[PDB]
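S.K.: My questions all concern the structure below.
FYI, it's all coordinate maths here, none of it is from the lab. Because the Cβ atoms are built from the backbone with ideal geometry, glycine has one as well, and the counts that use them run over all protein chains shown.
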Amino acid sequence: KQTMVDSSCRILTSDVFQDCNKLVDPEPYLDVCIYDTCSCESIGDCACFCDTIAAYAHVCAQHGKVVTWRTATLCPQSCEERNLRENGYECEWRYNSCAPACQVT
Amino acid sequence: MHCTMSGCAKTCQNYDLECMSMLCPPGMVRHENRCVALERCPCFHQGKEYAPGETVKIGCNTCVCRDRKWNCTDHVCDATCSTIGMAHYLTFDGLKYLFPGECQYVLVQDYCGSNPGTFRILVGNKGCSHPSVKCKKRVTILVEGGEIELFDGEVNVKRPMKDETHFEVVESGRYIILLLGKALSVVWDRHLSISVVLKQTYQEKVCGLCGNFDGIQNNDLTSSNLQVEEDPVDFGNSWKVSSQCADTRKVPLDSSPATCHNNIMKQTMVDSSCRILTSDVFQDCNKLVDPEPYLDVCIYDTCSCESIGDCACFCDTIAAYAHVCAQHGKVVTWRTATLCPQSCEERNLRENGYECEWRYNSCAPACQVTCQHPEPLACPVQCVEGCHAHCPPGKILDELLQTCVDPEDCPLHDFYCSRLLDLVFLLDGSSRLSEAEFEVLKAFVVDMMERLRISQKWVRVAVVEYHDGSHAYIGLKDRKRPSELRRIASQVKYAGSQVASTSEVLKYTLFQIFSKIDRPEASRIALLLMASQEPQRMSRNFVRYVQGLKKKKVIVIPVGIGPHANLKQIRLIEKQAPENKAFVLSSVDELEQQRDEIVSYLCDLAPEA
Amino acid sequence: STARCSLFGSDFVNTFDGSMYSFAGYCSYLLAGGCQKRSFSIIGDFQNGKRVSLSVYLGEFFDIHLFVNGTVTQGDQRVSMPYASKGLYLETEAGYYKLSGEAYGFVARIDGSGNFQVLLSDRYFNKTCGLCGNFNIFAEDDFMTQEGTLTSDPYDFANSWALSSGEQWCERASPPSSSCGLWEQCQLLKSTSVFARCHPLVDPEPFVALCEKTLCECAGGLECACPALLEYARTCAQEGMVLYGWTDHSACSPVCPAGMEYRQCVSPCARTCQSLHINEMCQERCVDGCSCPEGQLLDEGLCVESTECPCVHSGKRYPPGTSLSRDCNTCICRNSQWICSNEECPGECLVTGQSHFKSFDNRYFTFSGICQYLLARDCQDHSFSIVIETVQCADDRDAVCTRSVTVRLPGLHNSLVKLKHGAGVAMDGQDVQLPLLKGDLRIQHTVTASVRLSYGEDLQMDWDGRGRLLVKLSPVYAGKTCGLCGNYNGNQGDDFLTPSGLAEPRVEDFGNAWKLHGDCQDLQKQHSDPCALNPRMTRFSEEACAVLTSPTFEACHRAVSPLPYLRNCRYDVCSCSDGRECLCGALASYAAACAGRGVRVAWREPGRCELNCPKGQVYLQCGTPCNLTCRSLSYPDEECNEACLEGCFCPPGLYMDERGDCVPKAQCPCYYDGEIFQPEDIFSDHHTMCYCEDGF
Amino acid sequence: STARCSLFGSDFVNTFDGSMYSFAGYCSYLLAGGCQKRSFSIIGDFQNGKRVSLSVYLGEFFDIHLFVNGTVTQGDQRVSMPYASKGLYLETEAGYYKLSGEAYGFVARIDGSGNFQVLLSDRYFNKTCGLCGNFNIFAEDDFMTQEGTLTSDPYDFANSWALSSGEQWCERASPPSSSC
Ligand SMILES: *[C@@H]1O[C@H](CO)[C@@H](O)[C@H](O)[C@H]1NC(C)=O
Ligand SMILES: *[C@@H]1O[C@H](CO)[C@@H](O)[C@H](O)[C@H]1NC(C)=O
Ligand SMILES: *[C@@H]1O[C@H](CO)[C@@H](O)[C@H](O)[C@H]1NC(C)=O
Ligand SMILES: *[C@@H]1O[C@H](CO)[C@@H](O)[C@H](O)[C@H]1NC(C)=O
Ligand SMILES: *[C@@H]1O[C@H](CO)[C@@H](O)[C@H](O)[C@H]1NC(C)=O
Ligand SMILES: *[C@@H]1O[C@H](CO)[C@@H](O)[C@H](O)[C@H]1NC(C)=O
Ligand SMILES: *[C@@H]1O[C@H](CO)[C@@H](O)[C@H](O)[C@H]1NC(C)=O
Ligand SMILES: *[C@@H]1O[C@H](CO)[C@@H](O)[C@H](O)[C@H]1NC(C)=O
Ligand SMILES: [Ca+2]
Ligand SMILES: [Ca+2]
Ligand SMILES: [Ca+2]
Ligand SMILES: [Ca+2]
């Protein structure tokens, strides 16, 4: 199980993050990922696992290393609930690897 | 007896039952505190009331309420076997059981007993149980000389089958579908829960981890050696394909597997995680379907990969339950961004940019008309969960373009006895006949079944080895064709038992075959083709059974074969009635000689229509 | 798309690239693995220069050791073969010990002579290192050290790949001393036709050089040549040319298990006495090794004739002609298969504990509605009807049990028999002295003090007076029954049938549909696992009921599945008026099912559920009932065939009196015309003159 | 939006709805808890008529015992105060032994004299049962038995809420005599 949590947290060392892993150290966030994936074992998706990666992705985006780390299998976020509106299924919402903060609203 | 508290008439539901044993005119019964005619009382199902002439559907069958009872159709519906988890199977008969295993096992095959097999389906957990990947099962389909492997989410026809014109591979929602013929199909969840669907033309012909497709759950867990096992592990180990591979370890029911095994607290957090199956969205399905097996599977497959989110173990069990609910017509809107979400946005990120055509659906129709599938198919399922393209009217989906497009785009013998007879052949499966001799006894039975008008009218036949129990290979009520019945009679196996109780086979014919006379017009006769003595201590009831058979007007013909037939029992049968003519033979070799006078004696002792 | 390495003979190694060298090991050394990143490590273990084991380590999380004597160890624990864990499969193939990991992309073997070999998939081409070399087109760029240098010295290379551990820290090994009519035996590789076939594929010169080296090293006779010839033949086989004659064009025969013979191109998917046939869909290449002789078959590693093949059942082996039985049916072993009887057997409906049920068709369920309920009736001929009265049996709402039973017998002039709490009986409302034999009906005290009832041969019942009822029917009633115990048709799948003629998928609506009275509440939901309402009870309920799955019942676990009884036990102990009594009742219920399958369990002990007898009686786990009572002396011609059973019995020379006391035969009273006479009583009359002696 | 229960003096109980009675307990009894589904059970432990411990069970996954002498035990292991686990907090407040679970929606205390008190959030209004009563505007209807009937008798009520364990099979309590 220790090596399950370790290998599961190897997402932080995968080639999509390796560009960020120059400017930012993955090891502290990986240690948090170990601790959190001990609380939920999920290889593909659970809140503690996904949030510690999403926290690293947020730090990377603050270093300008924006990263498209999620997939339809790995920690998917689905916005399709917001598309269903008074027009029916209308195309406006999507997951963005980073939305610009505090847009005019 | 201190008491803290202190304090026939018939109603629509109770009228058929006993009186309470602890109020209306005759021919009348209460409903809603009013006396009413019985022909106006409702029928009950799901605990709900339905008026007479209301109709309900149960699977493929349907029933109308008639005189307080359900007047049903008699169809046999498409039976589904399913792998429902990492280590859990559900038979064609609905028996859920647990069987982990690292080897490759026969999920189902047609190659059962004497039957010439059309196909196999094989499954195994090869490459699971280690950190570096989430677990996936292999599948291997071996229909009519072909081979299709399903693995790593992909379909691979590794060998073309002898006639591809009956074969289709399909995808719908998140499910792969394969149609292997008019009567065989597969639905594959890429996350472990493999499923197989059979029409009524297969039934008892198939065997494997899926059990044998019939009404009878209790005759599943039949091993490949044909013995029913009390333990699912021993049953499943018998269906191991690779001879040298390790048998699954038998273990007690520890409170839960794997990550829960030490951790009772976290096991209760798994239990609460699985309570999605009992939430208000599922509770309407939980009337028609029992959530308990799928919840137990969810425990096992969340104690494997402890989660409240899409590990391959957990959300699979609820997707599978939702799928079964949707096949019962109870679609369940269970996924959310809070729990097991799916995103089809990668399908809308098209070559033109982001454009809506795809979205998740709780169930989309399966096997749709498609540029890859230009016409409808005999789809095994009504609808399935997952990503679906909501195309505008008349447009056809192209999967490779991931987009909606315009439909312009893209008799045997001279003796053939025909008279009112029920006939039973009782065969001495002791060691006193070798298998080579028992083949002659079988041939004798079969050739007499060439010389009789075998049917439910005229001559009915049963064939029964006893071998120290009783073993009907054919019963009088078996409506199969005469060439099929002769085939089965020739396929009667050989026990070679150390003992063969003549008395207990007489007991079996007296009480279980002739349980009631349903053909008062027919004569009924037993050929007791006996070749072994009983040990003396067993014989004590023999006269009671033969005289009971006389009371039930069954003629017993003792055909004593070889030196080891106990002549005492032969003559004791003759002593009951003149009709009970014995035959006594030095070997099976003169069974085929005496066959003429035997079969003619049967026909002399049976009346014309 | 594969390469092979081997460690063989005395000291020799053959790389994945066909470079050969000699190395006497004293450490354990990396043979192969991922070189830049180590997904797995394959380790050669040595002692005193000799090989002793091949060990595979997977990441750092798992390791498995396979010894040259066929012992296997996982971590530090010895494990029996065959074995499979963490994606490795460890097994016998062709009589030789095999260790496969093709998920990781390797397979390895140890032969009977102790030669190792390893095969790597092309996944590791130019990406592996260790004593087996670096797996690329060159053979001369092998000997790569862990320092990343080449070396001209095989011992610098091999010691560079030494791996110390907490078990031992290991010295740098060095070449052995040397001082060098057999030499012609090595020249077979060059001279002799079967070996000469392979010269276009494998150069003999290294193998004959190594052969001459083993002839220098080895103290034996001509057999000293054989490892080089064997490894040449295996190299040719890897290059795709099998040397079918090599072992009889030469004196060299490899070691094999008893009754097996060495041969080339043994098939994978080897047939056995226990294995179904793959009809050639094996789709894998043949190997060298041991085979059974033609027409003989392997069984559990020994060769046996196809006529000798045992059958397997209950995890055990039985010779052909062996008869087993399940209930009334018998199964006879013939060839690989059991010839199993197909007759219907007596149906045992049960109600027990906190209203747990077993159908006649063996379906277990729990219902716990409170009413009069129809348990079991002949719905065709109405020859009998059995009804149960269920009540709440503790403060808990989930504690519901049978208080009393009612049997209606229309054939017995519509008599009504009530079986009361405390094992009393009333007939047509009148309390009766229990030994009753009028008509087809018989009622009797069981040695358990349970009421037993019989109604011809075809119905029997056994009521404990404490809410346990067992109902037995003969196969005459098969398919005819109705009520909570179902239709007795051999199928579980329709036992939840109801008077409306449909099967309710909910046990609640099923049971509700059999309630006899309209003012009884419909059970809305049945709360399984009631330990939530008394959490104090759950720790004991688990710890105590786990005995059912402990080794004490292990003989029974394959005769009757314990799982329904364990669920029933935990429910009973968690939700009843005294969990100790409910524990003993649940354990007795499972032990009774075992005895019904002919397995007797010594489950009682001073720590739990001793069946303490009244004075003068003695407990027996199995005693014969038919000769216990003085009535048996008084009616010595009566029929009695009942099996040996658990209870309290008089000591072997004494009979049981009306007072429950145990008396010698001379002191038993006599029973005549249903009327009771003391020892040595006389009576004389115009019809008869009689006297009481020896209880008769 | 809260109600209070108390067990005080020698033998006395005060319900969430203000009904009061004497009960010389000899076992352990449900004071309060989720009645239709048991998220937690709050348990009063007695010996020889005296109170000895106030205990809480959370589902079946965790159990905590607080004694009138200030000893605390989790499962069967003694644990030092203050303590916090499974969303419970167990601490001194105003010199008195406090057990809080306002995530579950309750708090409980033992004072220096050994009087228990238990407080439920409005979450459990008309949804609780035990010796503390049913927590509704009515008070005459507090003596609801586990069997589901309103007894007139406080010992029938309290014994109806007795909970046995493998260590402690509950004898039925009955009113002690007095010279009064
Ligand atoms: C939104 O997402 C796209 C990719 O999907 C990205 O290129 C873009 O920078 C994001 N932000 C905006 C404002 O479009
Ligand atoms: C169903 O109803 C029809 C019409 O009354 C009748 O002929 C048939 O026997 C009924 N079958 C059953 C099973 O009730
Ligand atoms: C898709 O989902 C909707 C509910 O959002 C449902 O009504 C509909 O039947 C589903 N299928 C199709 C083909 O629209
Ligand atoms: C096999 O050999 C090892 C040492 O090489 C030893 O520890 C083990 O006991 C041996 N096993 C047997 C069965 O002799
Ligand atoms: C093997 O790998 C090395 C790098 O370690 C590389 O320089 C060399 O070209 C490779 N050889 C082949 C044949 O791929
Ligand atoms: C009853 O029979 C058994 C043998 O079946 C015998 O051992 C026992 O002594 C007998 N009992 C009496 C009282 O004679
Ligand atoms: C507190 O009371 C309990 C119950 O009498 C007892 O087991 C425990 O030892 C006591 N602790 C101390 C410190 O006296
Ligand atoms: C309390 O709950 C019962 C149901 O158990 C209900 O009938 C009653 O009206 C409720 N009373 C109040 C005041 O909410
Ligand atoms: Ca079946
Ligand atoms: Ca090389
Ligand atoms: Ca049935
Ligand atoms: Ca109140």
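S.K.: Looking only at residues in the range C:262-301 that are touching a strand residue (DSSP E or B) at 6+ places or on another chain (Cβ under 6 Å) and among the hydroxyl-bearing types (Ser, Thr, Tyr), which one is nearest to the other protein chains (Cβ to nearest Cβ)?
M.R.: The extreme case among them is C:272.
Results for (1) surrounded by fewer than 20 Cβ atoms within 10 Å (Cβ to Cβ); (2) hydroxyl-bearing (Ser, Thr, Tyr); (3) within 16 Å of ligand 12 (Cβ to nearest atom), shown as yes or no for each residue.
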site: C:450; (1), (2), (3): no, yes, no
site: C:487; (1), (2), (3): no, no, no
site: C:494; (1), (2), (3): yes, no, no
site: C:499; (1), (2), (3): no, no, no
site: C:507; (1), (2), (3): no, no, no
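S.K.: Counting only residues that are aliphatic (A, V, I, L, M) and surrounded by 15 or more Cβ atoms within 10 Å (Cβ to Cβ), give me the helices (runs of 4 or more DSSP H) lying completely in the range C:174-262 with at least 2 of them.
M.R.: In the range C:174-262, the matching helices (runs of 4 or more DSSP H) lie at C:188-191, C:204-217, C:226-238.
S.K.: Related question: Give the residues of the range B:15-67 that are in a strand (DSSP E or B), among the charged types (D, E, K, R) and within 23 Å of residue C:524 (Cβ to Cβ), sorted by residue number.
M.R.: In the first step, residues of the range B:15-67 are kept if they are in a strand (DSSP E or B); the result is B:28-31, B:34-37, B:43-45, B:48-50, B:55-58, B:61-66.
Cutting the leftovers down to among the charged types (D, E, K, R) gives us B:30, B:34, B:48-49, B:57, B:66.
Once the filter is applied, which keeps residues that are in a strand (DSSP E or B), among the charged types (D, E, K, R) and within 23 Å of residue C:524 (Cβ to Cβ), the range B:15-67 yields B:30, B:48, B:49.
S.K.: So which residues in the range B:244-302 are of a type in the set (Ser, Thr, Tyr), away from chain C (no Cβ under 13 Å) and in a helix (DSSP H, G or I), if there are any at all?
M.R.: B:259, B:273, B:294, B:300, B:302
S.K.: So residue B:188 clears everything in (1) in a strand (DSSP E or B); (2) in contact with a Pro (Cβ under 9 Å, 6 or more places away or on another chain) except one condition, right? Which one?
M.R.: The failed condition is (2).
S.K.: Follow-up question, since we're still on this one. So residue C:304 fits all but one of (1) in a strand (DSSP E or B); (2) at the interface with chain B (Cβ under 9 Å from one of its Cβ atoms); what number is the exception?
M.R.: Condition not satisfied by residue C:304: (2).
S.K.: If you take the residues in the range B:68-94 that are over 22 Å from the mean Cα position of the chain (by Cα) and assigned to a strand (DSSP E or B), which one is farthest from the other protein chains (Cβ to nearest Cβ)?
M.R.: This residue is B:71.
S.K.: Let me confirm something: among C:609, C:640, which residue is at positive phi and more than 16 Å from ligand 11 (Cβ to nearest atom)?
M.R.: Of C:609, C:640, the one residue that is at positive phi and more than 16 Å from ligand 11 (Cβ to nearest atom) is C:609.
S.K.: May I pose another question? Quick check on my filter: what residues within the range C:453-494 are within 12 Å of another protein chain (Cβ to nearest Cβ) and over 33 Å from the mean Cα position of the chain (by Cα)?
M.R.: The answer is C:457, C:458, C:476, C:477, C:480, C:482, C:483.
S.K.: Restricting the search to the range D:110-131, which residues are within 15 Å of ligand 8 (Cβ to nearest atom) and surrounded by fewer than 19 Cβ atoms within 10 Å (Cβ to Cβ)?
M.R.: Correct list: D:122, D:123, D:125, D:126, D:127.
S.K.: Only one of these is surrounded by 15 or more Cβ atoms within 10 Å (Cβ to Cβ) and out of contact with any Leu (no Cβ under 8 Å at 6 or more places or on another chain): C:560, C:618, C:547. Name it.
M.R.: C:560
S.K.: Now, a different point. Which of the residues belonging to the range C:339-397 are within 14 Å of ligand 11 (Cβ to nearest atom) and either at positive phi or aromatic (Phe, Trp, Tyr) (or both)?
M.R.: Those that are within 14 Å of ligand 11 (Cβ to nearest atom) and either at positive phi or aromatic (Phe, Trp, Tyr) (or both): C:357, C:360, C:362, C:364, C:365.
S.K.: What about residue B:133, is it closer than 20 Å to residue B:301 by Cα and of a type outside the set (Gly, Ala, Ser)?
M.R.: Against the criterion (closer than 20 Å to residue B:301 by Cα and of a type outside the set (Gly, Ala, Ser)), residue B:133 qualifies.
S.K.: Give me the residue from the range D:46-61 that is touching a strand residue (DSSP E or B) at 6+ places or on another chain (Cβ under 7 Å) and of a type in the set (A, V, I, L, M, F, W, C) and, out of that set, farthest from ligand 10 (Cβ to nearest atom).
M.R.: Among residues in the range D:46-61 that are touching a strand residue (DSSP E or B) at 6+ places or on another chain (Cβ under 7 Å) and of a type in the set (A, V, I, L, M, F, W, C), the one farthest from ligand 10 (Cβ to nearest atom) is D:46.
S.K.: Separate question: With the requirement that a residue be touching a strand residue (DSSP E or B) at 6+ places or on another chain (Cβ under 6 Å), within 13 Å of chain C (Cβ to nearest Cβ) and either assigned to a strand (DSSP E or B) or buried (at least 24 other Cβ atoms within 10 Å of the Cβ) (or both), what does the range D:32-45 give you?
M.R.: D:33, D:40, D:41, D:42, D:43, D:44, D:45
S.K.: Quick one: which residue in C:348, C:344 is charged (D, E, K, R) and in contact with a strand residue (DSSP E or B) (Cβ under 6 Å, 6 or more places away or on another chain)?
M.R.: Of C:348, C:344, the one residue that is charged (D, E, K, R) and in contact with a strand residue (DSSP E or B) (Cβ under 6 Å, 6 or more places away or on another chain) is C:348.
S.K.: I've got another one for you. Which one of the conditions (1) part of a loop (DSSP other than H, G, I, E, B); (2) out of contact with any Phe, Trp or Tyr (no Cβ under 6 Å at 6 or more places or on another chain) does residue C:325 fail to meet, given that it meets all the rest?
M.R.: Of (1) part of a loop (DSSP other than H, G, I, E, B); (2) out of contact with any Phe, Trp or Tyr (no Cβ under 6 Å at 6 or more places or on another chain), only one is false for residue C:325: (1).
S.K.: Only one of these conditions is not met by residue C:406: (1) crowded, with 17+ Cβ neighbours inside 10 Å; (2) within 9 Å of chain B (Cβ to nearest Cβ); (3) over 30 Å from residue C:575 (Cβ atoms). Which number is it?
M.R.: Just one mismatch for residue C:406, condition (3).
S.K.: Do you know which of the residues in the range C:659-679 that are exposed (fewer than 13 other Cβ atoms within 10 Å of the Cβ) and within 24 Å of residue C:438 (Cα to Cα) is farthest from ligand 8 (Cβ to nearest atom)?
M.R.: Here the residue is C:673.
S.K.: For the range B:502-591, give me every one of the strands (runs of 3 or more DSSP E) that falls completely inside it and has 3 or more residues that are closer than 21 Å to residue B:417 by Cα.
M.R.: Hits in the range B:502-591: B:523-530, B:554-561.
S.K.: Residues in the range C:155-164: is at least one away from ligand 3 (no atom under 16 Å from the Cβ), surrounded by 15 or more Cβ atoms within 10 Å (Cβ to Cβ) and at positive phi?
M.R.: Checking the range C:155-164: not a single residue is away from ligand 3 (no atom under 16 Å from the Cβ), surrounded by 15 or more Cβ atoms within 10 Å (Cβ to Cβ) and at positive phi.
S.K.: Would you confirm whether any residue within the range B:341-354 is surrounded by fewer than 17 Cβ atoms within 10 Å (Cβ to Cβ), part of a strand (DSSP E or B) and on the phi > 0 side of the Ramachandran plot?
M.R.: Checked the range B:341-354: at least one residue is surrounded by fewer than 17 Cβ atoms within 10 Å (Cβ to Cβ), part of a strand (DSSP E or B) and on the phi > 0 side of the Ramachandran plot.
S.K.: Output the residues belonging to the range D:46-61 that are over 13 Å from residue D:100 (Cα atoms), among the hydrophobic types (A, V, I, L, M, F, W, C) and more than 13 Å from chain C (Cβ to nearest Cβ).
M.R.: Passing the criteria: D:46, D:52.
S.K.: Taking the range C:328-345 on its own, how many of its residues are more than 7 Å from every other protein chain (Cβ to nearest Cβ) and assigned to a strand (DSSP E or B)?
M.R.: Qualifying residue count, the range C:328-345: 1.
S.K.: Oh, and also: Over 25 Å from the mean Cα position of the chain (by Cα), within 14 Å of another protein chain (Cβ to nearest Cβ) and farther than 22 Å from residue B:554 by Cα, is that true of residue B:491? Spell out the reasoning first.
M.R.: On the way: over 25 Å from the mean Cα position of the chain (by Cα): no; within 14 Å of another protein chain (Cβ to nearest Cβ): yes; farther than 22 Å from residue B:554 by Cα: yes.
So residue B:491 fails the test.
S.K.: Would you confirm whether any residue within the range B:217-225 is surrounded by 18 or more Cβ atoms within 10 Å (Cβ to Cβ), β-branched (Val, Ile, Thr), assigned to a strand (DSSP E or B) and within 13 Å of chain C (Cβ to nearest Cβ)?
M.R.: Taking every residue of the range B:217-225 in turn, at least one turns out to be surrounded by 18 or more Cβ atoms within 10 Å (Cβ to Cβ), β-branched (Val, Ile, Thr), assigned to a strand (DSSP E or B) and within 13 Å of chain C (Cβ to nearest Cβ).
S.K.: For a quick check of your reading of the model, give me the residue pairs whose first member lies in the range B:360-374 and is in a strand (DSSP E or B), whose second is more than 16 Å from ligand 5 (Cβ to nearest atom) and among the small types (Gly, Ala, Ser), with beta-carbon atoms closer than 6 Å and at least 6 apart or on different chains.
M.R.: So the pair list comes out as B:363/B:326; B:364/B:173.
S.K.: Let me ask something else about it. Can you work out which of the residues in the range A:31-67 that are surrounded by 14 or more Cβ atoms within 10 Å (Cβ to Cβ) and hydroxyl-bearing (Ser, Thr, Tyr) is nearest to the other protein chains (Cβ to nearest Cβ)?
M.R.: A:42
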